[PDB]
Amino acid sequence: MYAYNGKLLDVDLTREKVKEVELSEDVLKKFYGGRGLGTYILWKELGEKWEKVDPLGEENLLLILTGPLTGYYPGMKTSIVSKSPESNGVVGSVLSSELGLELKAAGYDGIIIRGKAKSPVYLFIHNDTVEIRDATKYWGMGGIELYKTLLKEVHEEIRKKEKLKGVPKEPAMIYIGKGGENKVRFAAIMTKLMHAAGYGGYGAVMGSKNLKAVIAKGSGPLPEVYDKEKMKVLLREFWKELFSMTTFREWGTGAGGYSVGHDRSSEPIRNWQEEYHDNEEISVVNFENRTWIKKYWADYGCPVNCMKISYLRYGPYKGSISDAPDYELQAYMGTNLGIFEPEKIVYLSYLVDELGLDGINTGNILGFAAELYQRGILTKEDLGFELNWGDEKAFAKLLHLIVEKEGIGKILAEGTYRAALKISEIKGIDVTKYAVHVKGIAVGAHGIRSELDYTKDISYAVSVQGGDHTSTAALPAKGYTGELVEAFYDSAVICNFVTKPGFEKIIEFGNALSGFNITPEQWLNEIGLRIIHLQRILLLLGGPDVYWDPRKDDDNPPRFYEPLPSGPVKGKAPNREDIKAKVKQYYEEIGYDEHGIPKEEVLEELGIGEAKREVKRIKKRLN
C-alpha cells in the first residue's frame, strides 16, 4: 500500500516469539495510525476484560506505532499507546524518536509487545532480522551510559555485518531508566537523553515486561506514496513557512519558564499555590548564556529545530545535561518546587531524564510532598529530612527515595492521586485537596484560573487523557482546537510544533501520501470521534484499582476554584456551576449522554456498535 508497510511486528516476550501481522486497509481507513490505531487494538484485544487488566501485569499491551505521515511530514514522532498505570485509560503519547522511521524503512509500521520476559531483554530490529536479546548487563543504566555501551555496541555489530555495504547510520533507540525498571507509576519511555513519551506511565509498563530498550535500524526506502509530486510541492511550502517561526526556532519552549507565569499567570508555583511570578532569573536569556551548549538541535527532517542542549561545566551539579529544558520541566521541576535558577533547574531536569521519570508527574508529586511538609502533614520524621521550597538537594534526595521505593518513596512512587489517597488514609486528613490531578494524571503546567492561557474551564475536566495539557478539550467540541484535532496529530503521527500549515493542509498532505480521501469533516465527525469515544469508554471502564465516575471526576481539582492570590488577575478563578454547565454542553456536542457516557446510537453510527457491550458494564457499575 501507499504510506504504510501494511504490517506490524507482534512480539510475545513471555513465549519469546516474534511474528508479522497484517494491517488491513479497512482498519487504517477507520483508525489511521498511532493513537487511534493503538486505541482500536487495545479495545479489540482487551476491551471485553478491560477492568481486569492490570496495566503493570503480564496481560497489558505496549504498542509502538506510526501513521501514514510518519516518514514524510516534516519532523519526527513515534507514537506509544498502552493501558495507563495512571488513569487506567489510554494515552496517545509521542516522542521524537526516529524509531518509527527506522521501522518503516525496515518494512514495519509498528510493534505490538505482549507478555513479560523472564529476565531483562531488549528488542533488536535490523531490516528482516528481529531478535529478543538478553539485557541484564544494561538493566540499571541511565540514558547516557546506555548510548555509550548498548547503542554503540549494536551500531558496531551492524557496521561489521554490513562491512561490504558501507557504514550505516546509527540505529534509533527508545528505553527506560531506573524509574521504569522499578515500576514507578509515572515513569517515562525515553530517547536521546532528553525526549520522552511523558504522559501515561508507559515507562512502568515497559519496565513491567522486563523490556530495557527497543533498537531499530532500517535501510530500505519508505513505502511508496500515492502522489509524489504533490508531496514534494507541499513539503517545500511547509519548510518555507516553518523556517519563518524565528523565536520558536531560536528559543523553543525555553522562554516559557518566565513567560507563562509572568505573562499568562498560569504557571504552577509551589504546587499551584501561586500561578504568577516576576522572577527574571528563569528567563531564556539566562538558560542560553549559562547552560546552552547547542542552540539548534532537530529531529529527523525538522525545519523547526526547537530543541536545545543544556550542559553544566561548573558548580556542584557539573555534568548535568538536559534540553532547554522544556518549559514543562522549567515549571514542574523549577517554579513548582520554588526553584528559579537555571543551574538548579538543569540539574533537576537532568535527574528525571536520567532516571526515566516523567518530569510533569514527578514535579507534581514532589511539590505535593513539599506542600504537605509546609503544612505540617508530612513531618521531618516521615521524610527523613526537611523539604523546603527552593532546596534542590532535598528534592533530589526525594527523587532517589521514589525510584528506590525507600521509606516515603514507596508511597510517592504510586503517583500523586494514589499517594494522596494513601496519605489521607494514614493521616486521617484529606490531603487530596492538595493533589492537582485530573483522572489520576497530573495537570500539565497550564492553569485555568487566569484565563490568559489556552487552557480554561473544561480543558482538562472532560478530556479522555485527564491532566494531559497536550490533548485538552475545547468548546466547540469539534472545530480545530480540542481533542479531535489533537487525536489526529497523535495518529498521523507528527509533531505538534510543526503544524503551522494548519489541520486541513495536513490532512491534504496525508491524502497525497496514502491515496485516502479523508476530509476534515470526516475526521471531526467519524474517525477522530470514534478514537475519542473508545478512549472515553476504556477510561470509564477503569483499571483494577481505581475507577472514575463522571459525576465526580469530570471536574477540576479543587485548588483551581480558589481565587488566584497574586499577579495581574489576583482574585480570579472559575465558578463550579459554570464548569458543570459547560461539561453538560461538552457531553452533547461530543455525543455522550447526560451522564457523560457515549451514546449507543452514536457508537453504531460511528461503526463501533460492539462497544455497547462495554457501555453496559459501565452503566452497571454506575447505577
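One rule holds for the numbers: they count along the sequence shown, beginning at 1.
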Comparing 380 to 388 with 67 to 75, which stretch shows the greater average C-alpha B-factor in the deposited entry?
380 to 388
When the Cα temperature factors in the entry are averaged, is it 515 to 523 or 185 to 193 that ends up higher?
515 to 523
Tell me which of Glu406, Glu288, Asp326, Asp299 tops the list for C-alpha B factor in the record.
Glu406
Per the entry's Cα B factor values, which of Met307, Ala331, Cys495, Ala477 stands out as the maximum?
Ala477
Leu28: CA temperature factor from the record, placed by chain third, in the highest
Could you say whether, by C-alpha temperature factor, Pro501 belongs to the lowest, middle or highest third of its chain?
highest
Quick check for you: using the entry's CA B-factors within this chain, is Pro598 in the lowest, middle or highest third?
highest
Would the CA B-factor of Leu348 place it in the lowest, middle or highest third of its chain?
lowest
Position of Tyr547 among the chain's modelled residues by C-alpha B-factor, lowest, middle or highest third
middle
